[PDB]
Amino acid sequence: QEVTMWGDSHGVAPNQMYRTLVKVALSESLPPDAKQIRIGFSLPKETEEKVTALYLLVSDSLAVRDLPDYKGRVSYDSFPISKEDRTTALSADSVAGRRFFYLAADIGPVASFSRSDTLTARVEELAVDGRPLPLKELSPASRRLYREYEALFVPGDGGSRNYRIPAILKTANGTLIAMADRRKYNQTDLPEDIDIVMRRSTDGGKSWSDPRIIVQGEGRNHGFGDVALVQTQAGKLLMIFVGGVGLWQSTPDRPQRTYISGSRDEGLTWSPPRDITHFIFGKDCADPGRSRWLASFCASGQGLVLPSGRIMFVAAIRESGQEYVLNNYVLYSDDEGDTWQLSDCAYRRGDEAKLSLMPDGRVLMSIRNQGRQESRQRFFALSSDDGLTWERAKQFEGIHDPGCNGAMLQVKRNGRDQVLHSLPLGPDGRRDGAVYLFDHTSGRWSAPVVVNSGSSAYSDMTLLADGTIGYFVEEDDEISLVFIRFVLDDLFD
């Protein structure tokens, strides 16, 4: 008969409906004897000022996310509470046997987004027909305010059971593109059957078009996934991705293929996917050496296009079936994607890697730590010849990498050139999605700022025209892909 309670700590943004603060589970349905349940709660003034309504939601389901993220797949009723009240009651007939209660809020048009702008509440008492029940609180409510916050892809959306692997892109004309693996039958990578799905925003991420499958998986071993995005200097949009068998099943004979595809309408429509595997490795490769390499995949998220017009993604390549090790090579095209060449090797025993342009013209590479190497730090390398050759750059090291994809952006912050980097924080696990600033001139990383507490995995980031950040992250155990827009000045000091 004890009651179990969870405070929510997902992000929120202005003008959002039915945001869970606290959720409550009865161990069983109320007794058929019962007439009434009354819930008492607390909520600070600073939260009350930022909401416009409270509600009890009652559901037959206990969900992880805000109930509207499930788009009708979770049924609930709503019982409004005046914002100033601190108690509420429902009849047993209203509850209709259901066990799960959500104290929720509508968020107002708020205009302050510091780190002290967090919403909270606490369920203090739950009483049936006058009699208090024992309560167990497992977690506190702490929801940070951002300018935008929206789960773009949620398990169950469009019939797909799972979503993974975020990529985001802002075009020169301000269009945002968000893509993902539609992992329709289970959570597992290639060789599973996987589609690539996208959404599009033309209002800076306030609203998003409906999900649209743009690369159809035609069954097991004919899935596509692991999308990375650029816009070329001549304005074309380019996606690169992989298809077919799993990475460690790939051979120079039956390869996991890399494909590209372009769009000239800000990502509405996409050229049919052109297989460029022959340029990289396998039985169709020119080079005889690479012709017996096994596997290649570019890191999901974004590539990098240089002032010169050079288009780059870092591939992680399996050179030998002897071992299960990847080496990084920059994959590049100086002729708008017509042809592709590989750089020199940039990293041995590497993984998913990202590029950014240093203010002085150097190319910085950020390499995922696979196999908990060294001090379990993120690896970095520098190129002084536009990504052809590389040297390790231990001067950039100083942030933990639990073994996860992440992203970086070159920003200027108070007249100083800095690198923003996203990775999960919490030691030795995919939790607490964090960003850090690296000051080039001082050579120091900031303390981490946790953007999204809790389970957190892959992240991509784009710099929006106003110098604010579009952060696209994997939240929760069962992953949702969540777009967050924040302002560096709100997060850092």
Side-chain angles (χ1 to χ4, degrees), residues 1-10 12 16-43 47 51-107 119-143 151 154-157 159-162 187 454-455 475-480:
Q1 226 180 261
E2 178 180 67
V3 174
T4 316
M5 311 194 311
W6 298 258
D8 187 74
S9 60
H10 291 100
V12 290
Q16 286 184 332
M17 304 306 178
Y18 299 139
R19 298 299 93 165
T20 297
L21 297 174
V22 185
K23 65 198 162 185
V24 160
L26 309 176
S27 51
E28 57 188 324
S29 306
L30 287 170
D33 269 7
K35 301 295 166 197
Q36 173 186 102
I37 184 170
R38 172 171 296 290
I39 297 181
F41 52 93
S42 63
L43 186 129
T47 291
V51 304
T52 61
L54 305 165
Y55 309 86
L56 271 193
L57 319 180
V58 183
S59 180
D60 58 339
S61 300
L62 186 63
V64 162
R65 296 197 71 80
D66 294 309
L67 291 193
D69 279 337
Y70 302 103
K71 311 201 180 54
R73 300 180 309 261
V74 171
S75 302
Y76 59 95
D77 288 307
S78 58
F79 301 86
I81 308 157
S82 303
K83 196 172 87 147
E84 290 187 346
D85 295 355
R86 293 299 178 272
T87 187
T88 186
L90 312 177
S91 66
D93 302 339
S94 288
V95 173
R98 292 167 298 183
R99 292 169 53 204
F100 307 111
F101 298 78
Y102 306 69
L103 168 61
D106 291 342
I107 314 305
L119 276 51
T120 187
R122 182 178 226 226
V123 169
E124 294 288 4
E125 172 176 320
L126 189 162
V128 179
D129 297 321
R131 296 298 177 245
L133 295 211
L135 301 193
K136 183 62 178 84
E137 186 178 305
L138 288 187
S139 65
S142 183
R143 309 203 58 172
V154 174
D157 283 352
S160 174
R161 294 166 156 287
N162 302 281
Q187 58 155 253
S455 307
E475 303 192 340
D476 303 323
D477 296 340
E478 288 171 1
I479 282 164
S480 291

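Just so you know, residue 1 is the first one in the sequence shown, and it goes up from there. Any value given below was found using the heavy atoms of this structure, including those in side chains, with hydrogens, waters and symmetry copies removed.
For the pair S78/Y102, no side-chain contact is recorded, criterion being any heavy-atom separation below 4.5 Å from C-beta on. Under the 4.5 Å side-chain criterion, counting only non-hydrogen atoms from C-beta, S29 is not in contact with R98. Side-chain contact between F101 and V3 is absent, with no heavy-atom pair separated by less than 4.5 Å. Counting heavy atoms from C-beta outward, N162 and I479 have side chains that stay 4.5 Å or more apart. No side-chain heavy atom of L26 sits less than 4.5 Å from a side-chain heavy atom of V128. Put simply, the side chain of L103 does not reach to within 4.5 Å of the side chain of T88, judged on heavy atoms. Side chains of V123 and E137 form no contact here, defined as non-hydrogen atoms less than 4.5 Å apart. Taking 4.5 Å as the limit, every side-chain heavy atom of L67 sits out of range of all side-chain heavy atoms of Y18.
Salt bridge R19/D66: present, at least one basic N to carboxylate O contact under 4.0 Å. Between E475 and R65 there is a salt bridge, with a side-chain nitrogen of the basic residue lying less than 4.0 Å from a carboxylate oxygen of the acidic one.
Contact record, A141 with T120: O-OG1, 2.7 Å, taken as the closest heavy-atom pair. Across all non-hydrogen atoms, the minimal contact from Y70 to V64 is OH-N, 3.5 Å. Taking all atoms of both residues into account, the shortest heavy-atom contact from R73 to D157 is NH1-OD1, 2.7 Å. In terms of heavy atoms, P68 sits closest to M17 at CG-O, 4.0 Å. Taking all atoms of both residues into account, the shortest heavy-atom contact from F100 to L62 is CD1-N, 3.6 Å. When all heavy atoms are compared, the tightest approach of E28 to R99 is C-CG, 3.7 Å.
Taken from OG1 in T87 to CD in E124, the straight-line distance is 11.0 Å, to the nearest 0.5 Å. Atom CD of residue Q16 and atom CG of residue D106 lie 10.0 Å apart, to the nearest 0.5 angstrom. Separation of atoms CD1 (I39) and CG (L126) is listed at 4.5 Å; rounding is to 0.5 Å. Here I107 contributes atom CD1 and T52 contributes atom OG1; the two are 7.5 Å apart, rounded to the nearest 0.5 Å. With rounding to the nearest 0.5 Å, the separation of CG in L54 from CG in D85 is 8.5 Å. Between atom CD of residue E125 and atom CG of residue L133 there is a gap of 9.0 Å, rounded to the nearest 0.5 Å.
Residues passing the side-chain contact (heavy atoms from CB on, under 4.5 Å) test with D8 are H10, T20, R143, sequence neighbours excluded.
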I81 and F41: side chain to side chain contact (heavy atoms under 4.5 Å, CB included), yes or no, with the steps?
CA-CA 12 Å; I81 308 157; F41 52 93; 4.2 Å; yes
Go through the steps for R131 and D129 under the test side chain to side chain contact (heavy atoms under 4.5 Å, CB included), then give the verdict.
CA-CA 6 Å; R131 296 298 177 245; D129 297 321; 5.8 Å; no
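Summarising the local packing, CD of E478 is surrounded by 12 or fewer heavy atoms from other residues, nucleotides or ligands at distances under 6.0 Å. Atom CD of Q187 has 12 or fewer heavy atoms from other residues, nucleotides or ligands within 6.0 Å. No more than 12 heavy atoms of other residues, nucleotides or ligands shown are found within 6.0 angstrom of NZ on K35. The number of heavy-atom neighbours closer than 6.0 Å to CZ of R161, taken from other residues, nucleotides and ligands shown, is 12 or below. Shown here is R122, whose CZ atom has no more than 12 heavy atoms of other residues, nucleotides or ligands within 6.0 Å.
Side chain of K83 to main chain of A105: no donor-acceptor pair is present (N/O by atom type, distance under 3.5 Å, no hydrogens or angles). A donor-acceptor distance shorter than 3.5 angstrom exists from the side chain of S139 to the backbone of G7, with no hydrogens or angles considered. The main-chain N or O of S75 is found under 3.5 Å from a side-chain atom of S59 such that the two form a donor-acceptor pair. A donor-acceptor pair under 3.5 Å links the side-chain atoms of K23 to the main chain of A63, judged by distance alone.
A side-chain donor from one of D477 and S455 sits under 3.5 Å from a side-chain acceptor of the other.
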